[PDB]
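Q: Take this structure first; my questions come after.
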Amino acid sequence: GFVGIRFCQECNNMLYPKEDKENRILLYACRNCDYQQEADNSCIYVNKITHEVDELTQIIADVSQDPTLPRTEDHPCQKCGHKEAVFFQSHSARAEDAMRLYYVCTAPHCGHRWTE
Amino acid sequence: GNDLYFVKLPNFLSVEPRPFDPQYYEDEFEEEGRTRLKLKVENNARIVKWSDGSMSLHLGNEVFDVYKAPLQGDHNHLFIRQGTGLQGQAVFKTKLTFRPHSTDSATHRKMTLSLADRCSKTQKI
Amino acid sequence: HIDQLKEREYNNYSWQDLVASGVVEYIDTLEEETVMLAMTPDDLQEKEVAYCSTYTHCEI
Ligand SMILES: [Zn+2]
Ligand SMILES: [Zn+2]
């Protein structure tokens with residue numbers, strides 16, 4: 001998971017995490033404001049050392065209209081069932097050790113992407 | 001009676017929309033002035049067709065040389081919209097799937113004046 | 001276009017008519033990044049097992 005930025009309600013500033021001494025709870029106070037709002041996550045800061053990223057979250061569907069990008073007819077979609085798909089490698093910095101391919105369905109109003 | 005008879009021309013070849021009539025024509029206009037007068041002493045028309053499939057448009061002994069190139073951004077219908085009927089009575093004709101590509105040209109001139117002047121004056125005494 | 005361009009000088013046609021007719025196009029190095037470019041008209045635009053089948057331009 002993560003933690004987000006939760007913004008103040010008075011000043012629209014960034015809320016810090018703060019432990020309530022003498023109810024024993026986790027709060028969110030402001031700097032600029034005197035705004036105390038009550039936490040729910042019980043989680044403050046997270047850090048993925050493995051930096052485990054799923055690439056299918058970064059892939060946009062717009063790739064399919066790329067003239068310069070190879071086209072197959074051997075992998076069909078799963079939502080719609082189209083036959084055409086484009087494919088490319090991670091195309092990312094920080095690629096750990098992978099030459100894994102990624103597919104996008106080449107049919108408008110679908111933009112389904114998958115990895116095999 | 002119906003065929004490709006639409007003809008675009010440049011600004012300097014703007015032909016009058018109406019026949020020449022002595023009751024519609026007047027003297028208003030004059031290297032500088034040379035290009036000025038040409039607008040109405042030339043610009044009724046005879047698009048001559050040639051054995052190679054080219055066309056030449058004549059408004060004098062001067063010639064505009066023309067090719068019947070295709071068009072795809074301007075796919076209209078051409079029509080004689082005369083004010084008579086309800087709000088311009090457009091009579092049907094040819095469709096704008098082609099229009100002329102053709103050559104009509106101009107020129108420039110030259111100048112010359114002076115560089116600097118004299119100097120080194122001296123007051124009396 | 002080859003017929004009009006072969007008969008140039010004997011008629012007023014020229015390179016700029018290929019530009020104006022939308023036949024040839026100036027492509028910048030920075031736009032050449034995005035073309036899917038053929039290297040001969042025929043040989044790259046025939047029918048085989050597919051290389052791209054999405055060519056956008058050809059070399060002159
Ligand atoms: Zn605040
Ligand atoms: Zn699909």
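Order determines the names: the first chain of the structure tokens is A, the second B, and so forth; residues in each chain are numbered 1 upward, and ligands are numbered 1 upward as they are shown.
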Step by step, measure atom-to-atom distances between ligand 1 and each residue using only C-alpha atoms and all ligand atoms, keep those at most 12 Å, then write them as a VMD selection string.
A: chain A and resid 5 to 16 28 to 37
Q: What residues in chain C have any atom no more than 8 Å from chain B when counting only C-alpha atoms, and can you write them as a PyMOL selection string?
A: chain C and resi 11-13+17+21
Q: Would you save the residues from that selection as an mmCIF file, in the first residue's frame, using N, CA, C and O atoms?
A:
```cif
data_model
loop_
_atom_site.group_PDB
_atom_site.id
_atom_site.type_symbol
_atom_site.label_atom_id
_atom_site.label_comp_id
_atom_site.auth_asym_id
_atom_site.auth_seq_id
_atom_site.Cartn_x
_atom_site.Cartn_y
_atom_site.Cartn_z
ATOM 1 N N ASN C 11 6.486 22.365 -69.410
ATOM 2 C CA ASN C 11 5.382 22.968 -68.668
ATOM 3 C C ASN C 11 5.881 23.452 -67.294
ATOM 4 O O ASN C 11 6.976 23.082 -66.867
ATOM 5 N N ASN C 12 5.130 24.309 -66.606
ATOM 6 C CA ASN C 12 5.626 25.028 -65.429
ATOM 7 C C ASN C 12 5.775 24.195 -64.140
ATOM 8 O O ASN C 12 6.172 24.753 -63.118
ATOM 9 N N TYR C 13 5.461 22.902 -64.150
ATOM 10 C CA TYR C 13 5.443 22.062 -62.952
ATOM 11 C C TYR C 13 6.830 21.910 -62.307
ATOM 12 O O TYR C 13 7.858 22.015 -62.974
ATOM 13 N N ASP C 17 5.141 21.532 -56.496
ATOM 14 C CA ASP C 17 3.852 20.911 -56.745
ATOM 15 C C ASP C 17 3.721 19.543 -56.065
ATOM 16 O O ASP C 17 2.643 19.228 -55.573
ATOM 17 N N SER C 21 0.730 19.176 -53.557
ATOM 18 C CA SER C 21 -0.176 18.047 -53.762
ATOM 19 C C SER C 21 -0.141 17.040 -52.610
ATOM 20 O O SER C 21 -0.948 16.117 -52.581
#
```
Q: Find the residues near residue 26 of chain C: any atom within 12 Å, counting only C-alpha atoms, skip ones fewer than 4 places away on the same chain, and give them as a ChimeraX atom specification.
A: /C:16,18-20,22,30-32,35,57-60
Q: If you run DSSP on this backbone, which residues of chain B come out as strand (DSSP E or B), and could you give them as a list in words?
A: residues 46, 47, 48, 49, 55, 56, 57, 58, 63, 64, 65, 66, 67, 70, 77, 78, 79, 80, 91, 92, 93, 94, 95, 98, 101, 102 and 103 of chain B
Q: For N, CA and C atoms, I'd like the residues from the last selection saved as an mmCIF file, in the first residue's frame.
A:
```
data_model
loop_
_atom_site.group_PDB
_atom_site.id
_atom_site.type_symbol
_atom_site.label_atom_id
_atom_site.label_comp_id
_atom_site.auth_asym_id
_atom_site.auth_seq_id
_atom_site.Cartn_x
_atom_site.Cartn_y
_atom_site.Cartn_z
ATOM 1 N N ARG B 46 -10.934 31.518 -71.565
ATOM 2 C CA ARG B 46 -10.896 30.345 -72.359
ATOM 3 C C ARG B 46 -9.858 29.376 -71.855
ATOM 4 N N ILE B 47 -10.261 28.371 -71.080
ATOM 5 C CA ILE B 47 -9.344 27.337 -70.603
ATOM 6 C C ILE B 47 -9.097 26.381 -71.774
ATOM 7 N N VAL B 48 -7.985 26.576 -72.469
ATOM 8 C CA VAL B 48 -7.591 25.733 -73.607
ATOM 9 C C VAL B 48 -7.036 24.408 -73.103
ATOM 10 N N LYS B 49 -7.520 23.301 -73.666
ATOM 11 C CA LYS B 49 -7.105 21.918 -73.397
ATOM 12 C C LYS B 49 -6.106 21.446 -74.460
ATOM 13 N N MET B 55 -3.815 22.122 -69.181
ATOM 14 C CA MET B 55 -4.686 23.232 -69.559
ATOM 15 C C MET B 55 -3.950 24.571 -69.474
ATOM 16 N N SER B 56 -4.276 25.497 -70.371
ATOM 17 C CA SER B 56 -3.784 26.880 -70.324
ATOM 18 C C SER B 56 -4.960 27.848 -70.254
ATOM 19 N N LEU B 57 -4.955 28.735 -69.264
ATOM 20 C CA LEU B 57 -5.975 29.754 -69.047
ATOM 21 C C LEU B 57 -5.468 31.084 -69.608
ATOM 22 N N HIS B 58 -6.256 31.666 -70.510
ATOM 23 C CA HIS B 58 -5.894 32.866 -71.265
ATOM 24 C C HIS B 58 -6.831 34.036 -70.925
ATOM 25 N N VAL B 63 -0.195 33.978 -70.261
ATOM 26 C CA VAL B 63 -0.706 32.610 -70.057
ATOM 27 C C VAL B 63 -0.534 32.143 -68.609
ATOM 28 N N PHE B 64 -1.582 31.521 -68.066
ATOM 29 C CA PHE B 64 -1.530 30.738 -66.832
ATOM 30 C C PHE B 64 -1.605 29.245 -67.203
ATOM 31 N N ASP B 65 -0.654 28.436 -66.752
ATOM 32 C CA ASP B 65 -0.445 27.040 -67.158
ATOM 33 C C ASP B 65 -0.789 26.109 -65.979
ATOM 34 N N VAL B 66 -1.695 25.159 -66.237
ATOM 35 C CA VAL B 66 -2.617 24.548 -65.267
ATOM 36 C C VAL B 66 -2.692 23.018 -65.384
ATOM 37 N N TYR B 67 -2.856 22.356 -64.236
ATOM 38 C CA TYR B 67 -3.065 20.913 -64.075
ATOM 39 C C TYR B 67 -4.301 20.654 -63.197
ATOM 40 N N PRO B 70 -6.216 16.660 -57.898
ATOM 41 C CA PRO B 70 -7.303 16.288 -56.992
ATOM 42 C C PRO B 70 -7.338 17.153 -55.720
ATOM 43 N N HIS B 77 -20.246 20.930 -53.209
ATOM 44 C CA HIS B 77 -20.932 21.078 -54.494
ATOM 45 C C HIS B 77 -20.879 22.538 -54.983
ATOM 46 N N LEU B 78 -20.462 22.763 -56.230
ATOM 47 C CA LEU B 78 -20.502 24.074 -56.878
ATOM 48 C C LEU B 78 -21.927 24.435 -57.333
ATOM 49 N N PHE B 79 -22.379 25.678 -57.108
ATOM 50 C CA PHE B 79 -23.758 26.097 -57.397
ATOM 51 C C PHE B 79 -23.974 27.617 -57.529
ATOM 52 N N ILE B 80 -24.735 28.045 -58.546
ATOM 53 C CA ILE B 80 -25.111 29.362 -58.899
ATOM 54 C C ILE B 80 -26.198 29.876 -57.993
ATOM 55 N N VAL B 91 -28.521 26.465 -57.848
ATOM 56 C CA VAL B 91 -28.652 25.570 -58.935
ATOM 57 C C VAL B 91 -27.546 24.550 -58.924
ATOM 58 N N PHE B 92 -27.836 23.251 -58.962
ATOM 59 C CA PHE B 92 -26.823 22.198 -58.813
ATOM 60 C C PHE B 92 -25.859 22.047 -60.007
ATOM 61 N N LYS B 93 -24.642 21.568 -59.742
ATOM 62 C CA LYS B 93 -23.566 21.365 -60.723
ATOM 63 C C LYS B 93 -22.471 20.399 -60.209
ATOM 64 N N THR B 94 -21.242 20.521 -60.726
ATOM 65 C CA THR B 94 -20.066 19.709 -60.394
ATOM 66 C C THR B 94 -19.610 19.764 -58.919
ATOM 67 N N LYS B 95 -19.005 18.676 -58.437
ATOM 68 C CA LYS B 95 -18.499 18.522 -57.070
ATOM 69 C C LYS B 95 -16.974 18.678 -56.998
ATOM 70 N N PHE B 98 -11.691 17.922 -57.469
ATOM 71 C CA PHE B 98 -10.467 18.439 -58.071
ATOM 72 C C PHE B 98 -10.530 19.965 -58.225
ATOM 73 N N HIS B 101 -4.135 23.296 -59.985
ATOM 74 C CA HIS B 101 -2.774 23.666 -59.614
ATOM 75 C C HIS B 101 -2.157 24.380 -60.814
ATOM 76 N N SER B 102 -1.606 25.579 -60.637
ATOM 77 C CA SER B 102 -1.148 26.377 -61.771
ATOM 78 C C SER B 102 -0.194 27.517 -61.412
ATOM 79 N N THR B 103 0.519 28.076 -62.398
ATOM 80 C CA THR B 103 1.602 29.071 -62.130
ATOM 81 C C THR B 103 1.283 30.486 -62.617
#
```
Q: Can you tell me which residues surround segment 63-66 of chain A at a distance of at most 10 Å, considering only C-alpha atoms, apart from same-chain residues fewer than 2 positions away, and format the answer as a PDB file with C-alpha atoms, in the first residue's frame?
A:
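Once written, result-v1.pdb looks like this:
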```pdb
ATOM      1  CA  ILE A  59       0.828   1.656 -19.571  1.00  0.00           C
ATOM      2  CA  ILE A  60      -1.570   3.999 -21.303  1.00  0.00           C
ATOM      3  CA  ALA A  61      -4.017   2.607 -23.828  1.00  0.00           C
ATOM      4  CA  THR A  68       6.275   2.321 -35.569  1.00  0.00           C
ATOM      5  CA  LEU A  69       5.384  -0.433 -33.146  1.00  0.00           C
ATOM      6  CA  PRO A  70       5.133  -4.123 -34.047  1.00  0.00           C
ATOM      7  CA  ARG A  71       1.737  -5.729 -34.498  1.00  0.00           C
ATOM      8  CA  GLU A  84      -4.731  -7.394 -33.001  1.00  0.00           C
ATOM      9  CA  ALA A  85      -2.259  -6.327 -30.325  1.00  0.00           C
ATOM     10  CA  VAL A  86       0.864  -4.179 -30.188  1.00  0.00           C
ATOM     11  CA  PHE A  87       3.806  -5.177 -28.021  1.00  0.00           C
ATOM     12  CA  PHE A  88       6.839  -3.455 -26.531  1.00  0.00           C
ATOM     13  CA  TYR A 103       0.522  -6.023 -24.905  1.00  0.00           C
ATOM     14  CA  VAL A 104      -2.324  -3.602 -25.566  1.00  0.00           C
ATOM     15  CA  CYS A 105      -5.505  -4.460 -27.439  1.00  0.00           C
ATOM     16  CA  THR A 106      -5.648  -2.642 -30.779  1.00  0.00           C
ATOM     17  CA  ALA A 107      -9.353  -1.845 -30.761  1.00  0.00           C
ATOM     18  CA  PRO A 108     -10.883   1.507 -29.765  1.00  0.00           C
ATOM     19  CA  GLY A 111      -7.496  -0.397 -24.418  1.00  0.00           C
TER      20      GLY A 111
ATOM     21  CA  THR C  34       8.119   8.995 -34.950  1.00  0.00           C
ATOM     22  CA  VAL C  35       8.042   7.861 -38.619  1.00  0.00           C
ATOM     23  CA  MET C  36       7.803   4.199 -39.569  1.00  0.00           C
ATOM     24  CA  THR C  54       2.350   0.311 -40.807  1.00  0.00           C
TER      25      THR C  54
END
```
Q: Would you mind reading off the distance between atom CA of residue 113 of chain A and atom CA of residue 95 of chain A, one decimal, in Å?
A: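 Atom CA of residue 113 of chain A sits 18.8 Å away from atom CA of residue 95 of chain A.
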Q: Could you report the residues within 6 Å of ligand 2, using only C-alpha atoms and all ligand atoms, as a list in words?
A: residues 77, 79, 80, 81, 82, 105, 107, 110 and 112 of chain A
Q: Between atom CA of residue 40 of chain B and atom CA of residue 16 of chain B, what is the spacing in Å?
A: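 We find that atom CA of residue 16 of chain B and atom CA of residue 40 of chain B lie 7.9 Å from each other.
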